[PDB]
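Protein sequence lines correspond, in order, to chains A and B.
Counting from 42, one number per residue, gives the positions in the first sequence under this note's numbering.
Counting from 27, one number per residue, gives the positions in the second sequence under this note's numbering.
Down below is the structure, laid out as structure tokens.
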Amino acid sequence: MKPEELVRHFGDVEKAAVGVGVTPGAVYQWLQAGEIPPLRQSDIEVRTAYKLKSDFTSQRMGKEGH
Amino acid sequence: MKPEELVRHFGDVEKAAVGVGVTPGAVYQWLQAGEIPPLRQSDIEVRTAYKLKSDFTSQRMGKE
């Protein structure tokens, strides 16, 4: 999932940081980097009860290219 | 999931390491610690397409 997905899901950066167990500053650095670290994406997928999908899962669960 | 559950899933310790993208030494450390770190558990859960469940998921699902 892209960092803006994570923000859309929770509503804002502060709520996303609390939801995923990181600092707000970390979430802004994901936004700036245009990507959430993989290990971290897995945790977001699990901690949203699979509502957000890691790029790993998305890529495989695309009948095509996602 | 406990480290023993990870090992039971992939068969032997070294297959588990390959299976989830870590070194065998990491898996042995987890066995001796009696736990897998939380973020590694999530990654195992995702990389196994949910065949193994993190402690987080097991609690959510009422299947501890």
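Virtual Cβ for every residue (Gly too), placed ideally from N, Cα, C.
query = Which residues in the same chain as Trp56/B place their Cβ atom closer than 7 Å to its Cβ, once the five residues preceding and following it in sequence are excluded?
reply = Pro29, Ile62
query = How would you label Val44/B, buried or exposed, when you count the other beta carbons within 10 angstroms and need 16 or more for buried?
reply = exposed
query = When the Cα atoms are used, what is the spatial distance from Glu31/B to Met42/A?
reply = 28 Å
task = Tell me, please, whether the stretch 81 to 90 of chain A touches the stretch 64 to 73 of chain B by the rule of three or more beta-carbon pairs shorter than 8 Å.
result = yes
request  = Would you please verify whether the beta carbon of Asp81/B is less than 8 Å from any beta carbon of chain A?
outcome  = no
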